[PDB]
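Undergrad: Have a look at this one.
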Amino acid sequence: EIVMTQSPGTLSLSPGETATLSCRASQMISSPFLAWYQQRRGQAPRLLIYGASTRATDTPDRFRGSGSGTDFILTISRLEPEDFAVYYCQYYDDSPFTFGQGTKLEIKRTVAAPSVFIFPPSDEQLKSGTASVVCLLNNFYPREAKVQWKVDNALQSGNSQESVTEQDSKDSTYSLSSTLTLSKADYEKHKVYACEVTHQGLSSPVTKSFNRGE
Amino acid sequence: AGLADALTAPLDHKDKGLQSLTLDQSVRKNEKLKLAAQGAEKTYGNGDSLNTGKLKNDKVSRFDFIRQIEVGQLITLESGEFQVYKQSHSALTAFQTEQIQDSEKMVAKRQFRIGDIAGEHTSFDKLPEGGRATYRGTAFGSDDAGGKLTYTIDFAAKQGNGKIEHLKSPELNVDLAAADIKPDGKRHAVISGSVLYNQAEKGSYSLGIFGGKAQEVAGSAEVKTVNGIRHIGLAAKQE
Amino acid sequence: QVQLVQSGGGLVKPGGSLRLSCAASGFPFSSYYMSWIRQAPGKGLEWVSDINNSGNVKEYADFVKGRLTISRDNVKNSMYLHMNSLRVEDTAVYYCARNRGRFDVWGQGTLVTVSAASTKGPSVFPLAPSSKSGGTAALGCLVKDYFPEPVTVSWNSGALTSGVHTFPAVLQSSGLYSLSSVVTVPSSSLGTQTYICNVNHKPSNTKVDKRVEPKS
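Residue numbers (my numbering), protein chains in the order written: chain S, 140 to 353; chain C, 1217 to 1455; chain P, 60 to 275.
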C-alpha cells in the first residue's frame, strides 16, 4: 500500500561536489524505520543509513540522512570516486519493507569526442548465412550519442542494437557498440555500409564506411 | 521509605523489585563509602552488596555519602548525596558531589555523575524474537528527577530509539537516536548511540536491556550543553 | 569476520526447482532474523522472505505463494531458500541478509535464471581493422548466439587489459544473447604483436581462443 519514489533517477556530478537525493513516501511514515543503501557496480547492496539519520558503522561522515513526514534526503558532501553508485531508500517498518526504485549517481566530466571504427562481417561469419556489421564509439562523454546506419545511403532502422559500457574507472568515459544484422543475401545486394555518428564532442557528424568485399 | 532499613536489614530474597545491587564502580578497592539516612548508617567496600530490596520502585532514593580512606583515621575525599533509582530488574546509582578537599580543609564543588548500573542483564541470545516494545521511565540529573524517558525497541530489526522530555533545562530534552542492539563482552544485550538535539549531534547514550523478557532498559546519556557535558541517568520499563 | 557466504542457484526451465544456501560466520546466527532479497536484471530490490530465530515463523512476499519456502539450520549456521514452480519472473539475483527489514549484512548474491531456452555456446568471430585513427587501431571479437549468461572474455590469456572494452550483453529477438569485445592498440604493433580473444562460456563448457589478424 506504500510506494517510495526516489528522484532524480540519474545524476552527474564532479568529485568534491555535493549530491542531494530525494526519498518521498506516498504516506507519512515513522523516520526511525527509514534506511538508505548503497549499491556499487556489480556488488551487493550495503546498509548506509538507518533511522533516517543514523550512519551504519562504516559509513563516513560525508553522508547525512535527514527529513521527516514524507521526505528524506541523502546529502553526500565532497563526493569521492567510491561514492558514485546506486542509492536506494527503504521503509522497513513492516513487510514488504518496500525499497525505492533507486537513484544512479554518475561522474560528471568534460566533453570528449568519440573515436569511431566500423567493422565488416568476417568471412567466417558469412559462411554461416548471417552478416553482422559493427560500429565502435570509443572513450567519449557525455553518454548521449546518435548512431545511424546507412546502406547505399539508405538509412536503416529496426535492424540494429546498441550496447553501452559503464563509466570507465580511469577516465570516466563511455564506449558504445552498434550492431547491424542482415541476412547474407541482403548483405550481398549492397555495396556501401556506413556508420554515421553525431555527438556533442564533434563539430559535425563523423562517418566511417567500407565497401563490401574489399 | 525504607532508607534506614536498606542500611540495616540484611538481604531478604522476598522483597520487591531488584533486591540487591553490587557496588563496583561506586566504591573502588581502596575506599570505603559511608551512607546515612534516617539516623542509620552503613559503610560499604568495593563489591559489597547494597540492599536495594528495601526500597520503593520507580523513585529516586537519597542518602548522604562520604567517600573515605584510612591513610591514621579517615580522610574524606568527597561528600554529598547518593541517589539510587530502583526498578524490578535493574537499578542505578549516582553521586551528587557537594564537597571536595584541597591541598590547603574542604572546598565546595558541585559535580554529578553516574556510578553503577546493574540488574539481570538480558542475554543477547534470549531477546524476544520479534515484536516491538515501548518503555517508559525516568531521566534524572543534577537537581532534577522529573525527566520523562520514552524508548522503543524493535527486536527483529535490532533497533532502539527514543526521547528525553520535561527536564528543567532545555538542553537535555533530547532525542535518543536510532541505534542497533549488540552483544556485550558477557553476551548481554546493549544499545549505544548518539544523542540528538533538534537534528544535531550532541554526545552519546548507552542502554543495557534488563529482565528475562526484556522488561527494562537502564543506562546513561552524556549531553553537550552551552556549559559543557552533563550526565543523565536513564531507566524505563514496559507496559 | 562477520560474513554471509552464498551458494546454489543456476539456470532452470519454467516450473523447475532450485535451492539457495547462505552460510553465516562471525556472529551469533541463532539470535537473528534472516531474510532473502532479490534484484531482477536491471531493476531494483524486492524483499522475498524472512524467518525468525527459532526457524518456524516465516514471512513471504505476495508474489511467492508457497512456491518458495525459507528454512534455517541453527547448528550448521545456515539458511536456505527452497524454490519450486519457478517462473521466468523469478529470474534475478537473490541476496541473503541479516535482520528483519534493516538489512545490515548481505551475502554476495547468487544468480537464478528461469527460461525455456536451452544452453548454447557462442560463435566467436573476429572484428578486424579494415583501413588504418592515425596511431591507434581498434580490434575486437564478436560473441554471438549464446544462452546462459554469462560469457567471460579476456585477451591474450589475460595479459591484455589495457584498452579493453567488453560490452554488456544484449538479448536478440532470437532469445539468444550477443556481445562484442574490443581493444584499442598502437597501430605500430599490428605487424608485430599477435592479439587473441579468449571466450569462456562455462554453462555450456565452451572455450574459444580466436585469432584477430589485420588483413591486406
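All C-beta atoms, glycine included, are put in the ideal place defined by N, C-alpha and C.
Pick helix, strand or coil for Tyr254(P), following the three-state DSSP scheme.
TA: If DSSP states are grouped into helix, strand and coil, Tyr254(P) belongs with coil.
Undergrad: Say whether chain S places a C-beta atom closer than 9 Å to the C-beta of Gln231(P).
TA: Yes, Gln231(P) lies at the interface with chain S (some Cβ there is under 9 Å from its Cβ).
Undergrad: Sort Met138(P), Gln252(P), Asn111(P) by Cα distance to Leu63(P) and report the nearest one.
TA: Closest by alpha carbon: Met138(P).
Undergrad: Output needed in chain order: residues of the stretch 227-249 of chain S with a Cβ under 7 Å from some Cβ in chain C.
TA: Answer in chain order: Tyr231.
Undergrad: Which residues, in order along the stretch 123-155 of chain P, keep a beta-carbon less than 8 Å from a beta-carbon of chain S?
TA: Answer in chain order: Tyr154.
Undergrad: With distances taken from CA atoms, which of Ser296(S), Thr144(S), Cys274(S) is nearest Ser317(S)?
TA: The candidate whose alpha carbon is nearest that of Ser317(S) is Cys274(S).
Undergrad: Check the Cβ-Cβ distances between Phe1426(C) and every residue of chain P, and say whether any is below 9 Å.
TA: So, not an interface residue.
Undergrad: Does chain C have any CB closer than 9 Å to the CB of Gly160(P)?
TA: Yes, its Cβ sits closer than 9 Å to a Cβ of chain C.
Undergrad: Ordered along the chain, which non-local residues of its own chain (more than five positions away) have a Cβ less than 6 Å from that of residue 1457(C)?
TA: Here chain C has residues from 1217 to 1455 only, and residue 1457(C) is not among them.
Undergrad: May I have the straight-line CA-CA distance separating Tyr1351(C) from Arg217(S), to the nearest angstrom?
TA: If I take the Cα positions, the gap works out to 40 Å.
Undergrad: Just to confirm my understanding: we take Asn158(P), look at its own chain, exclude 5 residues before and 5 after, and list those with CB closer than 6 Å. What are they?
TA: Same-chain partners within the cutoff: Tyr92.
Undergrad: CA-CA distance, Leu150(S) and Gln98(P)?
TA: Using only the alpha carbons, I get a separation of about 21 Å.
Undergrad: Identify each residue in the stretch 189-213 of chain S for which the Cβ-Cβ distance to at least one residue of chain C is less than 8 Å, and report them in chain order.
TA: Listed by position along the chain: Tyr189, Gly190, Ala191, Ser192, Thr193, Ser205.
Undergrad: Give me the residue from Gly1444(C), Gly1401(C), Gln1241(C), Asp1370(C) with the minimum Cα distance to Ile1333(C).
TA: Selected option, being the one with the closest Cα: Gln1241(C).
Undergrad: I'd like to check one pair, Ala1349(C) with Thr1366(C): are the Cβ atoms closer than 9 Å?
TA: No; because the gap between Cβ atoms is not below 9 Å, this pair is not in contact.
Undergrad: Whole angstroms is fine: what's the gap from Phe1298(C)'s alpha carbon to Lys1270(C)'s?
TA: Going by the C-alpha atoms only, they are around 16 Å apart.
Undergrad: With DSSP run on the structure shown, which of helix, strand or coil describes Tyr153(P)?
TA: DSSP places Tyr153(P) in strand when its eight states are reduced to three.
Undergrad: List, in chain order, every chain S residue whose beta-carbon is nearer than 8 Å to that of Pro185(P).
TA: Neighbours of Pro185(P) on chain S, chain order: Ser261, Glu263.
Undergrad: For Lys203(P) and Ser221(P), which I take to be in contact (beta-carbon distance under 8 Å), what is that distance rounded to the nearest angstrom?
TA: So it is not a contact: roughly 25 Å between Cβ atoms.
Undergrad: Pair every Cβ in the stretch 335-343 of chain S with every Cβ in the stretch 216-232 of chain S, then say whether three or more of these pairs are closer than 8 Å.
TA: No contact exists between the stretch 335-343 of chain S and the stretch 216-232 of chain S.
Undergrad: Return the residue from the list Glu1247(C), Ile1282(C), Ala1220(C), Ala1307(C) that minimises the CA-CA distance to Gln1254(C).
TA: Looking at the Cα atoms, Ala1220(C) is the closest of the given residues.
Undergrad: Could you please tell me which residues of the stretch 102-122 of chain P, in chain order, have their CB closer than 7 Å to any CB of chain C?
TA: Listed by position, the residues of the stretch 102-122 of chain P near chain C (Cβ gap below 7 Å) are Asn111, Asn112, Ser113.
Undergrad: In terms of DSSP beta bridges, what is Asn350(S) paired with?
TA: DSSP, once it has assigned bridges, lists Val331(S) as partnering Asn350(S).
Undergrad: Which residues in chain P sit within 7 Å of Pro1399(C), going by Cβ to Cβ distance?
TA: Residues of chain P passing the Cβ test: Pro87.
Undergrad: Which two residues bound the contiguous alpha helix (DSSP H) that contains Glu140(S)?
TA: Segment: none, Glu140(S) is in no alpha helix (DSSP H) and carries neither H nor E.
Undergrad: According to the neighbour-count rule (16 or more other Cβ atoms, all chains shown, within 10 Å of its Cβ), is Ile1448(C) buried or exposed?
TA: Buried is the call here.
Undergrad: Rounded C-beta distance between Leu1392(C) and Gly1378(C)? I'm assuming under 8 Å.
TA: Contact flag correct, Cβ pair sits at about 5 Å.
Undergrad: The beta strand (DSSP E) with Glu1381(C) in it runs from where to where?
TA: Where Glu1381(C) is concerned, the enclosing beta strand (DSSP E) stretches over 1375-1381.
Undergrad: With H, G and I counted as helix, E and B as strand and the rest as coil, what does DSSP make of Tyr236(P)?
TA: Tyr236(P) falls in the strand class under three-state DSSP.
Undergrad: Using only CA atoms, which one of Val134(P), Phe122(P), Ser237(P) lies nearest to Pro235(S)?
TA: Closest by alpha carbon: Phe122(P).
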